[PDB]
Each structure stands twice: as C-alpha cells, then as structure tokens.
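Chemist: Take this structure, written in structure tokens, and hold onto it; I'll ask about it next.
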Ligand SMILES: Nc1ncnc2c1ncn2[C@@H]1O[C@H](COP(=O)(O)OP(=O)(O)OP(=O)(O)O)[C@@H](O)[C@H]1O
Ligand SMILES: [Mg+2]
C-alpha cells in the first residue's frame, strides 16, 4: 500500500549521518561535518560510513589516535572523488 | 505500434494511424449537429459547462467564419479555434481577391486542404477537431459541409459530430429536412440535442443554437434568445 | 545516456561531450609554455617523424600575428582551422582598430569560437587546447591556455597534452622569480620541463622563443643541443 | 507510454499527453484568485519566497492600463506571454488609439499558444494566466490554460491548492456581482486564504492585489499597500 | 553490422556506405538492359514487358533521347529514371547554351553522375534506385558509359544490367568482337536479351535504339520486327 | 473485461472508500478523478487511505481536498516541492 | 556505441566515424608516389581490369589539377570526383586572384580544410577519400603531399595508399636512398614496389598507371606513361629479378 | 525520468522541465559566492578555488565589473557566465546610450534573464550559471540573484555555489536589516571561512563592495589581509 | 590470451611455395605420379593457398584419374585440379567493385 | 497501528498493511527494517 | 528486413521501398473500385458511388473530378489525398496552358503528377498521396487516351485499366475481354466497363451507386452521365 522512497540524503541528512557514524570515532572537536556533508554531493549513508571508516584508517596509518579534519578530507577524496581539466570549466 | 508514432508513416496495411487517433479525439467530444432546412442551415451544439464558474457563453463552439458562413466545431477546442481563424483568413482572402462571398463548397474545400496538409508531415500533427460549415444564399441555396481531421469534406443534408454522433444520426433520419423551414427545425434541433445527452455522466450543459437562411437574409448569426427559449421549451416537452 | 548530445545536461549538471572533447587534448604531444620578464618560450615535443616524411608540414607551433604565437594539442585538423581563424581575426582586428591585436583579445576570440562550436548539435567541439603567448601587451609578457570547452586562463607557466600533469607539477615545484630572471635560465627551464616526459635525444624538443618587440625564433637543433648540454653540466655539478 | 515525448504525437485514446503535462505545470505555481464585480475585476495572488530573506516573487504583472494578469506556472513562459500581451496592447494603442478589448487579447493568446501545441520545435506555454481588465463590455476575468483553451470566468482560481479557492468562489458566486471594491477584494482574499494550510496565514508580505475598475486603472498592491485590504478580514475558524 | 544499414551519412566499422549497395541491389533487381559499342555505332536494348496486354506499350519508352546524339537506357526504378532523364536533358541543354556545341558524352555522363551523387550525401534523400547506360557518338568514335547511384561512371564496351545480368555478361566476352559493326551489334543485343528474356520477344516487348554517327534514334517496332525475324 | 476505472468510476471508488471516514463536504471528487489518470481501484482506495493518514498527521479531525491531493501524490511515491523556476 | 554521427566524441576523445573512414581507405586500389631529385611521380593499380571495360580517359586514378600539379586518388569514386572538381576550382580561383601557380601546400591545405569542415559539421559524413599530391612550385620545388579523410596532411618523400599500404611503405623506407634518386631510379623502385604490393604476378602493364612530373625549361610537363614505356619498365624489372636470382 | 530529461522541450508528468533542474545542479559545482545587501551598500564575497599556483589569480573571474555601479558574482559554467556577463555589460551600455542614465539593478538583471530565457524558444540549452547582481541605484543598494531558468528575485543576502545551503542557513541566522557594511563584510568572511575546505587567507577569496557614492570596489591583496585579520 | 594462460601464440600462416611443395609431396606419396610430374610447378600454380587446398588438389587430381578409370595421374590432372579447387568467387557486379576507385 | 489502534478506529482509518522500501543501494532501507525489528514488540518475521 | 519499413527514403536489403508499397495498400482503404476502358473513339470510366447514409448529399460524394474540359479523372484511394492530388493536377494543367498555349496532353499531365509523387517518395518530407489517379481525354493524332498513374510515380498508357480494392480480378476480366478484337463503340465501351465492375463486384448495379464519365472523339469534353443515361446503358446491357 505505502511505497516509501529512500532517496539520497540532503545536506542536513548527510550531516546527521556523519554525526551518527562518528559518535564512537576518536575525532577532534573542530571537525566541520557540514563541510564534509557538502563534499559528498550524491552519496548514500553507506558511503558516509565508508568515509568515516577511511578517515579512521588514515589517522591509524600514521600513528595518531585522533582523526583530524584533514583525515576526513582525505577519506572523502578517496571514497567519493577517487571512485581536474573537467573541473576547470566550472567556477 | 511502431507505425503510429508519426503522421507521415504508412501502416503495413496502409493507413495513417495518426489521423485515426485524431478522429478518436473528436469522438471523445460532445455532440454537435447541423440540419439543412428547405431554405437554410441550422446549427446546434451541446456545450457542457465544465465548472459553474464559467460565464454562460465562454469557449463557445459556434464560430462565424464569415457573414454567411457558420462553423459548429466539435473536438479539441484550441485546434477548433485555430481552424476558425484559418477559415476566416481564407474567406477574407477570397473576398479580397475575387470581390464576392466565397462559395461554401470552395471554402470547405480550401479549409479541408489546409486540414489535410497537416496529416502529411511528421513535424505537425493532424487537427483534433471536426467542424461543419453552413451557409445560405439564393444563388446557390443552402449548403452544409462537414470536415473531419482527415480532410475529407462532402455536403450533408444533416450531420452530427461528437460523442453521441450515432444516436443523433438515428434521430435525425426520422426528420424530413428536405421540406421543413428553419423555424420549427430549430425546435427540432433543440429536441435532438436534448435526446443525445447522457445527463448522468455529463453534469450539465448550456444549449446554444445558430442558423443561416432566408429568414436571416442570407447571413449567419446567433439564434435570437426570444426564440431559442421556445426551442428549449419544445426540447423539455420531449420527455428525454 | 547523457553523453550523446552536446546540449544535454547530465543530472549532476555535466556537459559530458565537452569533457570528451577535453579527453582528445590529453592524447596530443605535450606543449610547455612559461613566460619570463623579457621572454616567452613555447616548448613542444616532437613525435619522431617517420624516416621518409618531411617535418616542414607537421608544424605545431605557429604564430597568429607578428608577435603572438600558439602551440596546440589534440587533433591537427581542428588546430589548423583554429589557427587560420585566429590569423584572420588578428588581421581583421588590426583593420578595424589600428592597434596591434592583444594576446588577451586573440585568446578571448579563440575561446569564443570554441564556445560557439560547443553550443549546439551538428557542430563538433574543437578538440584542441591552445597555449597562446605574446608581448602584445606593449611591454608586458602574457601567457594563456584555451581549453576546448571555451574557457581561457592566464598562467605564469602551464603544460597541455600528454604528460601535462607531470610538467605542471615540475613547474609548480620550481617556477620561481630567480628561475626566470634571465632569458637563458627561462629557456633552460623549458628544457628541463620537456625532458622528463619526452625522454629522447635531439630533434624531439622544439622550442619557440620570442623576445620583446621581436619576431618568433624557432630554435634550431644546434641551440637546443647547447642548452641540453648546459643542463647536463648543471646536473653533473649538482652530483 | 511511448506517445508521451512530443506534442505532435496522438495517444491511442485520442489525447496529447504533452499538453496534459503542460496543464499540470500550472499546479506547480502558487494559488491565484481572480474575480470580478459589476464594476471591478480584482485578482489576488499568493507569493512564495525561495529563502526567508529573499523578496517574494512577483506574481501579478502589469500589461496595460486596462489589462492585468496573475501568473501560475513557468516563469519563462509567463514572462514571454506577458511581453507578447504588452506588445499587442501597445500595438493596438498605437494603431487604433483605443484600449485593446480583453476578449481580443485573450483570443490572440489562445492563437499564439496553440502553435506550440501542434507543431514540433517548442514546448507548450506551460503557464496559466488569470487575465483581468476593463473594456466597453464590463470587467473580464479570463483564465488561459497552457492547452491554448481559455475560459471566461466570473471567479477563477489556478495554481497549487486552488481547489479550495475555487470551491469558495463557487459558494459565494451570487454576491460577487453586487459588491463594491472592498467586499470584492475581501472575497478574493478569503478565497486565497482557503488555499493556505492551517499554520500559514494571509500576511502583508506574501499577498499581491491587482484591481482594474470603472475609473481605476490597473494597480498592483504589494507589501504595505495590501494592509488596507488585509485589515478587517475575519479570522479563519 | 545491422546497426549501420540505415543511415546514408554514416560509415560502417568496415567502412561501407550500406545504402549505396542496397540501391545497387534494387538496381540489379530491375528489368534487363544490355548495351554494346560497335566500331561504327552503339546499340542499346532493354526488354519492355507489361503485366498485361492491357498496357499501352508505346506510351512509356525505356529508351529515351537526351540530345540528337545521346541516348538513355536504364535498369531499375522507372520513376527515378524519369527525373534522371529530365536532369540529363537539362544538363545537356545548359552545356549547349554555354558552349554552342552538342555536349560531349563523357561530359554528359560526368554531370549526370554528379547529379546522382548529389542524392547520396545527406539523410532524408534516397539514392537513385536506377543505373543508367549512356550511348554517344563524339569526335567520330562511339561512346558507352554506365552511371550508378554511387556516382561512379565507367566506359563499358559492352555490358548487361538488371535481372540476370550475370548471364548477360557471360554471354558477352563470348559473342562480342571488338571489330563488329552496327547490325552485328544489334543482333548481339537481341540474343543477349533473349537469354535474359522470359517468353516470346514481341515487337512490343523489346525496345532498342542505335546511336551511330547519324545520331540516336529509337528503332520503330517495324525495324525491331525485321531484326528479330532475321535473328529468329 | 475489467477495464481501468474512468473518471466517473474513479470518483465513485473514492466515494465508496471514503464512506467510513469523516470527510469534508467541500471535497470535489470530480477534480480528484481528473487528477488520478491511470489509477486502478486499488490505487484509488490507497488514495483515500493516504488522505486519511495525511489528515491524521496534522491532527485534523476531518479530511480536506488538499489532503486527498497529497494522498494522490503519496500513492505514486511522488514528492512535491516548491520548484525555483515554477512561479 | 559512439559512432552514430561524426560529431560524437568517444569518452576517450576519438572521432569514431573519422577512424572508420580512414580504415575504409584500405579498400581502395594501391596508389603510391616517389619523390626524386629531378622530379616526382605517381603509381596506381587498376582494380577493374575487365576486358569488357574500355579505357577512354586513361586517367581514372591520376588527375591533373593545375598546369604544375597532379593528384592520385584512392577512396570512394563519387567523393573522389567531388574532391578533384573542388581541387580544380580552388586552383583556378587562386590563379585568377593571384595570377601565379599555387604553391602546392596551399591547395592541399584548402582540401584539408574542406574535409575537416565535413568531419566537424553535423549531417555530413567524412570524405572517404585519401589522395596523394604531386607538384612543383617556386618556394620548395618538387613536393609529395598526403591527404587523409580527416583532413590531416603531411609532407612525404614516398608513400602508398590503398591495398597492402603498410608493406609497401615499409619496403619504401627500407630501400629508398634520400637525395640520391633520379626519375629513372624512382620509376624502377615504383615498379619493384608495385610488383609484390599487389598479389597479381608478372605486373601487367594494363593493370598499372604511372604519371611523372618533370621540370623542363620552366614548363612543368605532366606526363602519363603510355603502355610501351610501362611494358619496358616491366621487362627491365623482370630482367633485374632474373639477374638477382643468378646469385642463387 | 530518462525519457523526459533529454531536452528542454519535453514536459515531465509532474510538469517539470527536467533540463532546467540539471542546469541548477550545474551551478552547484561552482565555488561558493556570497552577497549581502545592507543600507550602507552591497558586498560580494566568493571562494577563489585555485587549482594551481602557476595560474594568475586574476585570470579566473568570479566578481566582475558589469558597470561602474553594478558588480556580478559568478557560480557555475565559465563560458555561460562570460556570455551572460558580456550581455549585461552590453545592455547597460545600451541603456546608458539610449536613455543617458545608469540602468537599475532590476533592469540589468531582467535584461540578463531575457537572454537566459531563450533556452530553446526558437530565437539550445539553459545557461548553467547563477549570477549575483549587486549594486546601488536610485532605489539604493540592491542585490539580485538569477538562476539558469531566468527566474530573478531581489535577495537581502543570497549565497550561491557549492556551499549555497549551509552558507545560506548561517546567513539567515546572522543577517539583520540594520547591518552596516563593515559588519556585513566581517559576517560574510566568517561564513566563507566556515564553509571553505581550505584555510581562509588572502589568495583564496576575492571581496567586492558597491556603496552609494563610491564605485565598484574589488578588495586588493592588502585590503583583503586587513579585513581577514580580525575574523 | 594473456600470458600465464596462453604462454605462446603460434601462428600458422598459409604455406609458402616450398611449404606447398612439401605438402604436395606429403599428400601425393601414395599416388602413382607419372614420369612427367613436376610438383614444384603445381606449388607455383597455387599462390596463397592453404594446406587443405593443397591436399584437395591431390584429391581432385586423383579423382580425374578415377573418372578416366586409371590409377596414375599426369601433370594435366594436377593443373586442372589446381583450377577446380582454387576457384574463387568475385563480386560479379562491376557496380559494387567501382564504388571504391 | 499496532501500538495505538485507537487513533485510527475513531476516525475510521484503515492503516496500510504493507510497505515497499525502495531506493538506491546503501540508502538505509535494511537499516530501517532492523530498527523496526528492534522495537516492534510483536512477531517480526524475516523471510529468507 | 522488417526494420526498414519506417522511413520512405530507406532501402530494403532486397532493394525495396516498403513505404511506397504501404501507400499502394492504402489505396484499397476506400473500399471502392474504378475501371477505365478505351474505345476506338471514346474513353469511358465508371466507379462505385457508395453512400452508406441517407443524410449524405449524393451530389457531393462524386469521385469524378474534372481536371479540365477535355481531361477527366476518377480518383480511388483515400479521399483527402485524392482531392489534394486533383487540385494539384488542375493547377498543373492551368500552368501548362498559361505557359505553352495549347492544352496539356493527358499523358504529360499526370506524368507531371507522377513526377510530383516521385519527388515526394524520394525526399522524406511528406507521405506519398495514398490515392491512384486515372486520367482520360481525347488527344489529337492519337485518339482516346486513358492513363493510370500511381503514388510511386509510375505512369503508363492503358487500353483498359482499373484501380481499387478489386483491381486484380477486374484486370483479369479485362484481359479476358480485351483479347477479342471487336468494334469498341461508345455503347460497347460503357457496357463492357459496367460488366467489368458488376462481375468483379457481383452486384446488380442499381443506377444510384454507379457514376460514369466519358470523353469521345465526336464530343471531346469530359461529361458525367446522369441517372437517365446510366439507367439506359444498364438496360441496354441486360438485353
Ligand atoms: N540514513 C542512514 N543513516 C545512517 N546510516 C545509514 C543510513 N543509510 C545507510 N546507512 C549505513 O549504511 C549501511 C548499509 O546500508 P543498508 O544495509 O541499510 O543498505 P540498503 O539501503 O538496504 O541497501 P541494499 O540495496 O544494498 O540492500 C548501514 O549499516 C548503515 O550503517
Ligand atoms: Mg538491504
């Protein structure tokens, strides 16, 4: 009877998912999760969890116990962007 | 399927499907009838009022092509209005280039050829309206031509177009239009229009009449209210 | 399904045909351009032409006007058309305005022509990227790159074509004010830029050198040999 | 099905689905109410603001001293149609030195809009117009749907959530003719307010009023000019 | 490669303009037509069979003249042959107006082929489903060319087109000699059509025309009758 | 033959499946039937049910026509937003 | 697929229709040209050698464009005729405007521009004709110019277009002596190459056309070799081959 | 949707043109542009989005001089933005020529939207770029935002670009009508630093203001360092 | 075809003249060749042939002797078999052949 | 409907008896189903 | 094979134009049959006049259209396309008369008509007119002439001919009839046409359903037989 569509999360939803999947993470206090949500334009919650996991992995790679915002940026790059002249046309 | 997407593609059995589809669009519209008197032509269409907010005459289907020519469209109203504009342009051009009123046969032929030209190209679609042309002049009498989306047009002694085409035809055959005048035949037209009306599927309608004949000195005009009301009364006298 | 028409936007707002035109540029030989205080240089790799063919007709660096020159990437067929229209444009601009054409103006017109060719169906985008430089600013050296999309940019130093990323990283690493303080050092810098992606001997590096209020000077093989010998001397000194 | 891509294709049922879809595009716009008394033809529109601190969009446009419209649909098509009607009214003023009658202008709009609904090359004009004006035959309220079929209405309402306004106008049809300007505007505001959800209310920042009268030219009331009409309205039950 | 067999302005991955070969196949499914060039003249012969005796044989002629010294024979679609012959006549008259000399057969063939090519370069225009066989007598030497929908033209000494063209070609190079004359060429055309002809060859069923120095003329049914009687 | 319900059929179906629910007299079922082209009887019943739930979501004691239109939207999983180019 | 029309760019950035047009060139008959110190020549193979086919033009593959230019042809016959007619038109237009013969490269550039325009604008298929050019001009003298269906040209000393092009070009590069070839040596090399470039043995003279360009007293006479000299070259190559196998 | 989104001439069953919305999606790929309209003037702050240190920072254009009294902020396709900006300049020059007066921001924005409306109206595709027109006129300082559909509306403080949503929300939280130019610049720079991936400095943004009396001022490097000091 | 799965790609080109002579001598070993048999000329008369065609030539040369009811084959039988086996099919329509100049 | 059937029977509303959770993979439909099973307080049957 | 029948300009693999064949099949949609017979000094055409409605004006249902005074036609097929084709034919005849003086011969007339049909069938712009055109007219030095000429653009002269749904059977009947040489008189020509149509239709041929037009050498004017002459011909035919 009822058909519920699970569309891709919006910016508020993506920020909420980022907060959900980083609550147990050993992160810094200054991480702008809104920026991370905006850097994943069309990404599911599973991709957000993958981004958080990859940020933790990056901060583990170097012997650090806290995942900084740089690690989250690198994780976003590796998860979303990995899988410039094209972006040169847009500004 | 496959051959019905464009108006320029012939079917394997050899029929332009788009024209038939446009015909089916006309059949989906309300009934419009025209009866030729012994001395004129009378038009009557069943104009449904879709919403009560309308203005008792909005989007009327009775169009004056010229002083003597009237059109009683049934079908897609935008296409009908465009075709009325084309017919008016053709009549004006004929009058300007020849000096006299365009004969109904010639006007019907030209407007039909304009209609048929829109079933020849893929970039255009056939007209979704069917219309009938009526006029009177002492030189050539009363004429009534019906043109459908195909572009075919021959004269009619009495014709109907719309949903209840068939019932209007069965009832109009039992009328001796060859000898009756345009006075009582208007009451007859109202009665037939009232017979061909579902009234349980169509909520309401506003009956509008039109005629052209000897009593209207050869001109086409809206039927006067002071006799349209009596035509309506005769229609109510008939139980259906 | 959104990459078969130039005038169709993808759901994420991408004109994929334009990016596919960009992809043709990366399949061309690299062109390196860096501007100095009194010098503008256009490095170009050669494809080591066949033993039985004449190089005179495989010219890749051409001058639009007497003091503006461009090096392209991508297909030569589109590049020749672009260069011809640019020459006609600079001559026409000289006709209407007696001032000589500006490198900025010629770059803008080339970008406009490319944009007009990527604006409707039935017109394939110009799959060439041009490195336009010149002293047309009447005392100021300028360098410009036109993407096949229709956008142009001013670069202190830039590379196009195959291996452009490596040369761009190299130049970003060592394009300094001290590196381009003299013409010889700038030409040497072009040489080191082209050496990494084009590993070969001579005649595989073509350099176009234009001085202030001068004409285009395509360096002969002897000159590039002497410069590469100088670079070898510098690197042996480093070791 | 596969008869849903072009205006020049006919469905087997005898319908043109592109025209029906264009007719739906009116419902994507805000509700607009237009109604006429014996001497005045008022139209009231609800304005949506994209952001809180963005100005409310213009919904009632000026065409001539005796022609005013309220747009409900595509902004591009609405502005194109408004420009066309402004040009036609200017041409009529220049050639005949008389105001263009509302019926003739509406017929011209129907004729112009019909062409995109018949030949390939451009989509139908996906905007519904509530044309109001004065001429020798009295006030007029025309509704021009994108199907190129226009209706002469006593009190029409188009746009999103316009059925409540249409029902209210249907209920109070009789009183409209014998009403002054203030009562006509109040009835239009009530019809518009019937469209709003329970939480929202008729404020001065999202309501525009356009009036054409016997001796009153077209005037568009926005913001504080709406307040004289807005005050005095009975609170919704 | 069925996906590239529709458009005329696209190349197959193998590089074949498929619609041209399709038009050629339509040509080869047409009525037989044979032309032989003799040392003194050129002979054009096509079979003209109606589905019934109900058809006036003399109303439509497959062999038509372009100038006083140029003929036309075809194998394929007649309606396309009519526009082709009209264009050939216009081109010949234009050349005559410009140069005040009867147009050379090679030049006429080249211009006609250029007309044929004009319909093979854009979508929405169909290639001419007919191949022409062009006679001529220029500078005291006979001419014979074939123009294809592809736009290619050659200089056939003697060839057979249309249905069963392979059989006609095999008959040629057997009974064809380079040093024949007009009557032997007419006879060779008669037999070449004969083995590509179903049924009796009546004076109405076969239309021929010689193209010697006196100019091109369509042989009247009497001449065809006596020539056939000599052959039979 | 069981055909897809037409305008009158759809209006009648919505009337039948809204009989048990407190519905405003102002609902125009004819307008609803026009708005639900290519709807089967099950989809019309779902329209009525979803209209009821949309009324219940707002805490409304009685249904409205706009509730029915929103239920029509929700039946086909469509979501309506204020498009920035539709004004 | 991304070959529906020429204007389509592949995701890799390749004009698939253009590449299709070039790959289709190998269907054409073998054409080659050798640049020598004293002149330049062209050599062509007649695919159609039917005895029922009369040879009236004697220039079906090699066309004269200007008083000092000539071109060989390989590709679609209709496109070939169109390009050669346009070549003559451009040549005469330049002659009318400047009153001097075209410097060869300008005319080749004009054709290449036309071909590029055809491969760029929609609704037009690329010209499936690759044609070689020969000519002499006051600026660089004898030149051999190559044209591709995409409009990319290039100066060359010796090439081959058509059937088995790669083998002919490879053996050209193997046994061409730069700056030491005379017109007689160029003719001998062309005959040697055409012998095994085509599968047909004995290199029949009727199946091969050769045209040579010479600079005599400032006249630039274009000569198409008649059957007699072609047969003489064939017998010369046969006797050379017999001498070569004498070592065996 | 795939059968309804292959052209601007096709209507979706919802009535939406599923090609204008893709053009709106295109503007989301550009760098964030922020404009605030205050009584003292209009400020425009954008993100440079530099891709290489060798590129000249002034080469790419995000804020431009439409006229001496109007500045425009860009977000989206470079080519479409350049075409629209040139059209704005030409139209403002035409208005000055014909009427001997500076065009209102309303009128120049309408003129640009007139070109933005012709996306297949038979004299192509929608212009995938959003413009923020800011300037002063006889009505005072004004800010206008235009979208690819040509829909243009006055905005008190509009943010467009990659971070349009978050910057717009913080703008709603931080904007009031009694704001002066200095606090407008400070708040806009703070919001930009909040929504910018890279650390805010003087080379990764350009700031421009238009105040009554003064002309279009684009902040220089020294002025940029001065204003980013306190933030 | 990647190495590790197909380590060596061995190509079988059509036999050359010496290879064709070897195949002819292999497939005519049990045949009663006449004194005037020069199998090298038969190899030369089969340019660009395949090993199966070389064997088919021997088979047809023997079948000619079978037709004539003899157990020996002559050079003429081999020459006629060369023509019967190596008979190709051409375009047969000069129209199609002349599309490409 | 399971926890508070009174909110529906009073208004005569028959609740839907089925849901189709559809969307792109990874959007969280299975997560929502697991959350439903976590607080269903009734018989939850996962069909293999 | 079956995918090539959607565009008129596309050739079938066997070399056929399926759209033209479909247009030919569209001729039978009218459900009518027309037959034309040529006598020694007259040409007679008869055709069905189906009026399946009492309210139709039988005067306006006539399929006999007069191109000119000495040229007549009968149009079988789809009605609107046939009417368009006759208007085109009248225009062509009037233009020929204006441009060359003497009246257009029948063969030339619908040879021009067939040329129009052929250019329609070559360039894919409009669908071919699904209507067969049968022409008559007395021409000097050649006697009576009747030419049938079709949507494909194929025109021919006929001693007798017919087109419509019942075409093959009528042509077979005429083959059986036009093999016995006899005086093809006006009376005999009309009688044989009526017998052809009646036998192929197996209908008693009430005079109200057949309409006949004939041109004669004695009276070279297209004349449509009214009810009285048609009935007289039928009764002379029966006895
Ligand atoms: N909205 C969300 N909020 C939080 N986490 C989410 C959300 N959506 C997905 N996730 C995370 O993504 C993971 C995988 O998602 P899930 O298993 O629900 O996928 P699904 O939508 O059912 O897709 P599939 O089509 O593969 O079945 C979950 O375990 C959860 O951690
Ligand atoms: Mg799951």
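Using the numbering of Swiss-Prot, the residues shown for chain K are 6-244, in order.
The header says electron microscopy, 2.8 Å.
Every residue, even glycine, has its Cβ placed from backbone N, Cα and C.
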Chemist: Based on what Swiss-Prot says, identify which of K:63, K:175 is the phosphoserine one.
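Modeler: Candidates were K:63, K:175; Swiss-Prot attaches phosphoserine to K:63.
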Chemist: Among the residues K:39, K:64, K:87, K:213, which does Swiss-Prot list with the feature phosphoserine?
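Modeler: Residue annotated phosphoserine in Swiss-Prot: K:64.
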Chemist: Just to confirm what the record says: which one of K:45, K:102, K:116 has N6-acetyllysine annotated in Swiss-Prot?
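Modeler: When Swiss-Prot is consulted, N6-acetyllysine appears for K:102.
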Chemist: Given modified residues K:17, K:63, K:64, K:104, K:159, which are under 8 Å from chain B when comparing Cβ atoms?
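Modeler: The modified residues close to chain B are K:64.
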Chemist: At 10 angstroms around each C-beta, which of the modified residues K:102, K:104 has the fewest other C-beta atoms nearby?
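Modeler: Relative to the other modified residues in K:102, K:104, K:104 has the fewest Cβ atoms within 10 Å.
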Chemist: Counting across all protein chains present, how many other Cβ atoms fall within 10 Å of the Cβ of residue K:17 (phosphoserine)?
Modeler: 17
Chemist: Would you count the other CB atoms within 10 A of the CB of residue K:64 (phosphoserine), including those on all shown protein chains?
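Modeler: Its Cβ has 8 other Cβ atoms within 10 Å.
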Chemist: Running a distance check here. Ligand 2 versus the modified residues K:17, K:64, K:104: which have CB less than 6 Å from one of its atoms?
Modeler: none
Chemist: Measuring Cα to Cα, how many Å separate residue K:102 (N6-acetyllysine) from residue K:159 (phosphotyrosine)?
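Modeler: With the alpha carbons as reference points, the distance is 23 Å.
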Chemist: Scan K:17, K:64, K:104 for modified residues whose C-beta lands under 6 Å from an atom of ligand 1 and note them, or write none.
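Modeler: So the answer is none.
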Chemist: Nearest to residue K:17 (phosphoserine) by Cα, among K:63, K:64, K:104, K:159 (modified residues)?
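Modeler: When the Cα distances are compared, K:159 comes out closest.
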Chemist: To see if you understand the setup: which same-chain residues, six or more apart in sequence, place their Cβ under 8 Å from that of residue K:159 (phosphotyrosine)?
Modeler: K:119
Chemist: Where residue K:104 (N6-acetyllysine) and residue K:64 (phosphoserine) are concerned, what is their Cα separation in Å, rounded?
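Modeler: Rounded to a whole number, the Cα-Cα distance is 34 Å.
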Chemist: What is the total of other Cβ atoms whose distance to the Cβ of residue K:63 (phosphoserine) is within 10 Å?
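Modeler: Excluding its own Cβ, the number within 10 Å is 16.
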